[PDB]
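To start, the structure under review is shown below, and the notes come after it.
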Ligand code: CLA
Ligand code: CLA
Ligand code: CLA
Ligand code: CLA
Ligand code: CLA
Ligand code: CLA
Ligand SMILES: CC1=C(/C=C/C(C)=C/C=C/C(C)=C/C=C/C=C(C)/C=C/C=C(C)/C=C/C2=C(C)CCCC2(C)C)C(C)(C)CCC1
Ligand SMILES: CC1=C(/C=C/C(C)=C/C=C/C(C)=C/C=C/C=C(C)/C=C/C=C(C)/C=C/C2=C(C)CCCC2(C)C)C(C)(C)CCC1
Ligand SMILES: CC1=C(\C=C/C(C)=C/C=C/C(C)=C/C=C/C=C(C)/C=C/C=C(C)/C=C/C2=C(C)CCCC2(C)C)C(C)(C)CCC1
């Protein structure tokens, strides 16, 4: 009923754990927060900002219409200030 | 005679009957027989029914051009609504068959008996000295029948809006339901499929695990089933070997080792899930529908950015716009 | 017993725990984006 | 793709003169539109009378013209039929019938200008959606 | 005192079945929670309440309960003084502290049992005399409460009558229906379409009158139980145990939970459409009204108008001949409402009153109730499932009906559960089949 | 023809139901 | 030999068993779930479906999804280094490269997992009936997320990974394929619904036919983890159901295999039906019905009714559901009932 690993119960209870994780856990949190709040996430995944779905006048959708020249076609879609 | 009535009660309650006719059975047996006989005759030979009360009779019986898949017993007329429509409330049977009379006779008799059926699942358990609550598990599929045949009609104000007694008729009930209530986007329903999917999942889980951990008592060319005799003392499978395997598939503590904690979970999961799905239909019977995220996410200017929730809405419109063609005279569907 | 620290379990635990909180922090921030 | 003041420039009166609303007015109008209009005028239609919508063109062919701030504001005080040959303040929310329609009691001239602006700005943003019904949803 | 060697943790409260003292602590502390909610919620509602705006558009379910009792409201359900709302809220919130005090006390300080610290309050589940007596006490307490409503209606102010002659207004009832033939007649009414059983009450005279009967009958049965014991049959039929008594009361609440659901959904009188929303039928009725009113003004002869099916666009007949509204609204021809009745004749909707007796207040009333039908989403978006976000609204009639059906049902499940256990507990096999004496093995094979 | 076929199969299932319940193999204990 | 030492390490009994299978399972299984959770929060579906599909754009747990690639892509594998994305990651994301990522990875993850079942079973020395069972979820995923779109024009018509995005997949199949009328699907639900019955009824039967092996009411503790006597009365359960239902089990070994058979057989039938939907070989109509309905305008069944609903679904959904077709349906051409 037992294996090599240190019983979770003990670790989650050890003061040493929290001494470590009161630092580590919030750190990742703030890191993820900044990832969004700095707008970096928008560029890593090409996700449109609230003012970047259409052009000012245009009401059409930037649908990719051919596979091979898709990347080129997408870039052209960003051109029209979209 | 020790006393006629005293003997009668001893006969009813007797646990020596091939089928346990209980005290609930005294009500169950007749009502179910009426329900089934009326159904069988209707499904085969009943004439078309003016379901929507718009003098637009819908034929759902075999002899009138239907097959098993399309055939159904059509719900009572919308002109009747929630009014009680027994045979003795009609000038003739012709009229009774035209306004969907049989439907009420069936659903009332079924729901009554099927309730007594639950009552009997307690009684026999009482007479045999075993624990009750088996009937409690049966309360979930019954509560679904109640919601679909009674609660929803009560909420909507008519028995014509209850689920038809037929294959294709049930499909109609669903599609329309989806249009008017967006049931797929309702928590209670999602819990239902979760209970139903999980149910089938766990049913296969337990099924496989057990049958896979059977103790060898059979030949190489002999049915593995014969390795069990009705009325055994000891177990026929190694539950400790089962737990050993499943405990390693995921991880030990995420595995059952208590047969009683296992079978409780096996029963609890689907029953609770269907309970919610039954409560879902009963809740959406008063128009508390699923989530409405139509035109939620909009861009910086105000343009509407579509989601899958909007694509769902388009399909729903198609259902709504086309269902019950000639039944509507006014813009809003409040019925 | 004299349990170890870094184990295979530890690795597994962290492959899910570490990104989770990073995502939970990211998503928590999105609640304030507007237009 | 944003709500520019170029978009928030709507005709003030019949004599061509225009007015430029602010993002504060828009939101406020939009909020006031939900408070007292949406009930019957959700998405630019009219549930209790689908023949008449809140399209700028429909408001333009009204009598008097209701396709401007002055027009709409007047309507919200003394509403008439499409030909204007009949006052309908008794069966329609307005200032002169705030006793009958309590929602209209709070509403001040500032509120009326905001709601009016909202009706003229929405079709500039939504387009065909603002006028049509479930077809454009 | 009590731990694992009694029940499991997840069945903890069952360890108190035979601890009268502590078991009193729960009920008194529990009773505080109900008063606490009632109080804290009323203040929450008022804190958000907007006077010049319909109550049903604000998510209120307690302030409209107070309004019904003729408090802070006037003509047409107009909100006059919000003080009675404030009072009812704060008074409860205070009493919860008093109740909460006793609860906590009896549960962790006071005697763990009562039998010795006072033989009057101490009790035995199998003591058919004490049980019927304690039952008798509450049967009086509830009895006086029923008269507390009669007093408020006849003396201390009255109730909100939507059926008010001059139009919906707080009215003092000074003529309660005491005719037993009329009162108890409701109990003999069908529960289907038309004959609506208890929910079919349509005037405050019957409401006040009936409560007079209930109040007296209740106290009368209350005294009866104090001075008696269960008969012969009464003892040979029921199961006498702490759980059994619970089960009986569980099924009781379930039934009442179902009756309350249909009451708030159908009834127009004790659930005024002025404070709550328009009832389901009422709203659909309103739409037929609205467009009959419109199109008729465009020059249409509503009486002779032929719809797509050839049935009657605006007006048709019921199965018994009465003139009713057309369309899908044919199912709601059983609707009665203050705004619509003046158009009704001896044969249903009169074509003459419809043609020229339509009043403006009825037109906008119909428009109101039409655009506020009890249709909405879980996230509170008023309208059909295909509607667009804009109107944040869900009829209070919808919230109450759905919530209380969920509760009523689960309580029917709770009933079966506790009723099934009590029977097995009594006979003594609620913990498993006796390995030795297995009942089934002593019965002949049916095969 | 179609109607006949549908009812026939249905009737056969009900017939089976009968035999399945009342003409099953007697479930014998221990010594099986 | 290093092999047997590599083996030794892998097959070591840990908290989380690795094994040979783990070399395939864990990498894919992690990337698939990871890929989803990534796309769910960050990546959009604007350039592919004209849809917002992430928390970053404002979607909630229900409306979020990892949408399929464009119809332009075809059945392209959409490799990060493929002709489409051209090594670019951001582009890869916007072209729905994450879908083929999740799909293909999850697929192998399902292979590894069943392999794990096989590998672990062998070591523990138990029968691989857990692996046989797991074939049903495999067939489904294979048939629906792979076979089906391979028969269509592109990956675009495959189910998109997300809650709401699956709901449209249901409604689509109703509208276009009339999926509910398919005999293979019906067997499917019959297996799932019936399997969810066996699960409930068996659990309840056992818990309420138990022997008394303790003095407490909470009978959970009173179980012997080390086999011996049957914990519940199999003989009493038999006599029970034989009198209330008329039919009853009397062979636990058969009872449990049956619990394996029903839901596994069902999922397999529902799979075949979908495989047929790939070539669009649906069970859409009944010819005998249509012929009468054409000649006779008074003939109406619940079947005809349903077909009209499909017509509405197709017409009103197609425009925004199939952008690549550039659909334009005038209001006048839209099929509609009266008033509505
Ligand atoms: C008057 C009402 C009432 C009363 C007094 C009791 C009293 C009792 N019940 Mg009981 N029961 C009731 C209604 C009632 N029940 C109903 C309606 C049901 C149907 C669901 C049940 C189902 C039930 C079962 C299945 C069992 C009992 C048991 C018991 C006994 C032990 C108490 C216990 O387990 O607490 C423990 C309490 C809990 C573990 C709390 C459960 C929490 C619930 C499930 C969640 C509620 C959801 C909540 C609204 C959401 C909040 C959101 C959250 C995030 C905060 C006790 C005699 C047990 C027993 O020993 O039988 C005699 C037992 O096994 N009851
Ligand atoms: C309505 C809710 C409710 C109520 C009234 C009770 C009441 C009770 N439970 Mg209980 N219980 C509940 C829900 C409830 N339970 C639920 C949901 C569960 C499942 C998790 C349990 C599980 C459970 C178990 C397992 C046991 C009890 C027991 C008891 C009894 C003794 C309490 C005790 O040990 O004091 C201990 C008190 C403390 C540790 C301090 C708690 C602080 C106090 C009580 C709360 C203060 C309230 C408020 C903040 C202060 C207001 C002060 C103001 C008026 C001035 C008592 C009658 C025990 C029993 O059977 O009695 C012998 C027992 O063993 N309960
Ligand atoms: C049961 C009676 C009841 C009813 C009919 C209502 C009705 C209402 N409440 Mg309310 N409320 C209640 C009890 C009730 N409440 C209680 C007991 C509390 C204390 C927590 C509150 C606290 C409260 C607040 C703070 C507010 C309301 C508001 C409202 C209104 C808006 C409804 C809404 O948005 O909720 C939507 C709620 C949901 C969708 C949550 C549903 C939760 C379900 C029941 C969970 C079911 C899951 C199940 C239990 C899982 C268990 C299974 C497990 C054991 C396996 C509405 C009139 C709001 C209002 O007035 O604004 C207009 C508001 O702000 N209520
Ligand atoms: C459900 C209600 C209820 C019941 C049945 C009991 C029962 C009991 N309590 Mg008690 N208690 C309660 C609520 C209740 N309490 C509350 C809410 C509090 C908080 C204030 C307390 C605080 C409390 C303390 C501090 C003590 C008790 C004690 C006792 C025991 C001795 C009897 C006693 O003190 O009465 C004696 C008093 C009377 C017999 C007469 C009281 C009459 C009052 C003043 C009028 C009440 C009016 C009422 C609301 C309306 C009813 C009239 C209507 C029919 C017209 C007894 C078992 C004592 C104890 O533990 O001893 C064993 C003790 O020391 N209780
Ligand atoms: C909720 C309050 C309440 C409760 C719990 C009880 C409880 C009890 N009373 Mg009782 N009683 C009460 C109030 C209450 N009383 C009042 C207010 C009065 C004054 C009228 C009486 C007058 C009274 C008398 C005169 C007698 C009792 C007796 C009894 C005991 C046996 C009851 C029995 O076997 O019924 C079982 C009921 C039946 C077997 C008949 C079933 C047929 C029912 C009534 C019709 C079907 C119900 C249906 C589903 C509901 C539809 C509504 C209907 C109108 C259509 C029991 C302890 C008896 C006793 O033992 O004396 C001490 C007795 O003789 N009671
Ligand atoms: C062992 C686990 C495993 C498996 C089976 C896969 C499987 C896959 N991954 Mg993958 N991946 C994994 C782990 C794994 N991954 C890990 C741990 C990461 C994190 C770094 C990734 C990150 C990742 C990304 C980022 C992408 C994939 C993709 C893919 C798919 C296409 C890749 C391809 O073309 O393979 C190529 C196969 C091989 C290279 C095997 C060759 C083995 C031979 C024996 C070596 C011979 C080499 C030699 C030089 C040849 C000489 C011949 C001579 C003529 C030149 C495929 C389903 C792509 C995808 O999903 O597209 C949609 C994609 O874009 N993976
Ligand atoms: C008119 C009116 C009113 C009044 C009312 C009334 C008067 C009521 C009453 C009511 C009642 C008065 C009720 C009663 C009931 C009863 C019951 C509900 C009973 C039950 C019973 C049972 C359940 C039993 C059972 C059994 C049997 C039978 C056999 C043996 C066993 C047993 C015991 C199980 C009001 C106020 C509302 C308002 C106005 C109107
Ligand atoms: C894509 C990609 C990749 C991958 C990555 C990854 C793998 C990631 C991961 C990530 C992750 C891994 C994430 C996670 C997340 C999670 C989350 C975000 C969670 C949340 C949760 C929650 C929210 C919860 C809730 C709940 C529940 C459900 C239960 C009940 C209660 C509660 C409420 C608590 C790579 C780079 C390789 C390559 C490229 C591509
Ligand atoms: C036994 C027990 C239990 C239970 C408990 C309970 C149930 C308690 C209750 C408690 C309570 C039942 C409490 C109450 C409280 C109340 C209070 C404390 C009051 C307050 C009031 C005030 C404070 C006043 C006034 C005001 C006004 C007039 C307005 C402004 C605001 C204010 C609020 C200030 C538990 C489960 C935990 C556990 C086991 C044991």
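Taken as Cα centroids, segment D:73-96 and segment E:138-175 sit 41 Å apart, rounded to the nearest whole angstrom.
Which of rounded, prolate, oblate describes segment G:22-340, given a ≥ b ≥ c as roots of the alpha-carbon gyration tensor eigenvalues and a/c under 1.5 marking rounded, otherwise prolate only if a/b is larger than b/c? Verdict is oblate for segment G:22-340. Relative to the dominant Cα principal axis of chain E, helix E:360-370 is inclined by about 50°. Hey, quick one: spin label on residue D:99, modelled 7 Å out along Cα-Cβ, who in segment E:357-392 has an amide N within reach, i.e. under 19 Å? In segment E:357-392, the label zone of residue D:99 (backbone N under 19 Å from the point 7 Å along Cα→Cβ) covers E:359-365. Over every Cα atom in segment A:6-82, the radius of gyration and the widest Cα-Cα span, Dmax, amount to 22.0, 62 Å. Residues considered: G:243, G:152, G:117. Largest GNM mean-square fluctuation over chain G, using C-alpha springs under 10 Å, is found at G:243. Label sites at residue A:49 and residue B:14, each approximated as a point 7 angstrom past Cα along Cα to Cβ, lie 8.7 nm apart. The packing ranking, built from the mean of other Cβ atoms within 10 Å per residue, places the peptides D:101-109, B:109-117 in the order B:109-117, D:101-109, highest first.
Per-residue mean of foreign Cβ neighbours for D:29-39 is 3 (Cβ atoms of other chains, 10 Å radius).
What spacing in nm lies between the two simple spin-label points modelled at residue G:11 and residue E:353, each 7 Å away from Cα in the Cβ direction? Calculated label separation equals 9.1 nm. Counted by neighbouring Cβ atoms within 10 Å, the residues E:270, D:42 run from fewest to most as E:270, D:42. Entry note, chain E: relative contact order of 16 percent, from Cα contacts under 8 Å with a spacing of 6+ residues. Relative to the longest principal axis of the Cα atoms of chain E, helix E:242-266 runs at roughly 10 degrees. The ranking of E:355, E:53, D:24, A:71 by Cβ neighbour count inside 10 Å, starting from the fewest, reads D:24, E:355, E:53, A:71.
Here the Debye sum runs over all C-alpha atoms of the protein assembly as shown as equal scatterers in vacuum, and log10 of I(q)/I(0) at q = 0.04, 0.08, 0.09 Å⁻¹ comes out as -0.28, -1.25, -1.59.
Cβ-Cβ distance of residue E:361 and residue E:27, R₀ of 60 Å, FRET efficiency by 1/(1 + (r/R0)^6): the value works out to about 0.75.
Compared with the rule-of-thumb size 2.2 N^0.38 Å for a compact globular protein, segment G:54-141 has a Cα radius of gyration ratio of 1.48. Just want to confirm a number: the relative contact order over segment G:163-257, from Cα pairs under 8 angstrom separated by 6+ residues, in percent. Relative CO of segment G:163-257 lands at 15 percent. Based on DSSP H segments of at least four residues, each scored -39500 (n - 2.57), chain E has a per-residue ellipticity at 222 nm of -16000 deg cm²/dmol.
In terms of its Cα atoms, chain B spans 80, 71, 38 Å along the principal axes, sorted from long to short. Between residue E:252 and residue E:113, the simple label model (points 7 Å from Cα in the Cβ direction) yields a spacing of 2.7 nm. Once you reduce segment E:339-366 and segment B:248-308 to the center of their Cα atoms, the two points are 47 Å from each other.
Sort chain E into rounded, prolate or oblate with this rule: let a ≥ b ≥ c be the square roots of the eigenvalues of the Cα gyration tensor; rounded if a/c is under 1.5, and if a/c is not under 1.5, prolate when a/b is larger than b/c, oblate otherwise. Prolate, since a/c reaches 1.5 and a/b exceeds b/c. Please give the FRET efficiency for residue G:75 paired with residue E:407, using the beta carbon to beta carbon distance and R0 = 56 Å, rounded to the nearest 0.05. Plugging the Cβ-Cβ distance into 1/(1 + (r/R0)^6) gives 0.60. Would you mind pulling out the separation of the Cα centroids of segment G:36-110 and segment B:158-235, in Å? So the two Cα centres are separated by 34 Å. When chain G is treated as a Gaussian network with alpha carbon springs shorter than 10 Å, the biggest mean-square fluctuation among G:25, G:267, G:170 belongs to G:170. Here the extension length gained between residue D:63 and residue D:15 equals 15.7 nm, from 0.36 nm per residue of separation less the Cα-Cα distance. Note on B:243-253: average number of Cβ atoms from other chains within 10 Å of each residue's Cβ is 6. Given an 8 Å cut-off on Cα distances and at least 6 residues of separation, report the relative contact order of chain G as a percent. Contact order relative to length: 17 percent.
Among D:16, D:29, D:44, the residue with the largest mean-square fluctuation in a Gaussian network model of chain D, with springs joining Cα atoms closer than 10 Å, is D:16. Under the classification rounded if a/c is under 1.5, otherwise prolate if a/b is larger than b/c and oblate if not, where does segment D:2-137 fall, given a ≥ b ≥ c as square roots of the Cα gyration tensor eigenvalues? Rounded, because the longest to shortest axis ratio a/c is under 1.5. Ranked by the mean number of other Cβ atoms within 10 Å of their residues, highest first, the peptides E:246-258, G:124-136 fall in the order G:124-136, E:246-258. Per-residue shielding of D:44-50, expressed as the average number of other chain Cβ atoms within 10 Å of the residue Cβ, stands at 5.
Throughout, read-outs are computed from the coordinates displayed, never taken from laboratory work. Heads up, the Cβs are rebuilt from the backbone with ideal geometry, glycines too, and the neighbour counts pull from every protein chain shown.
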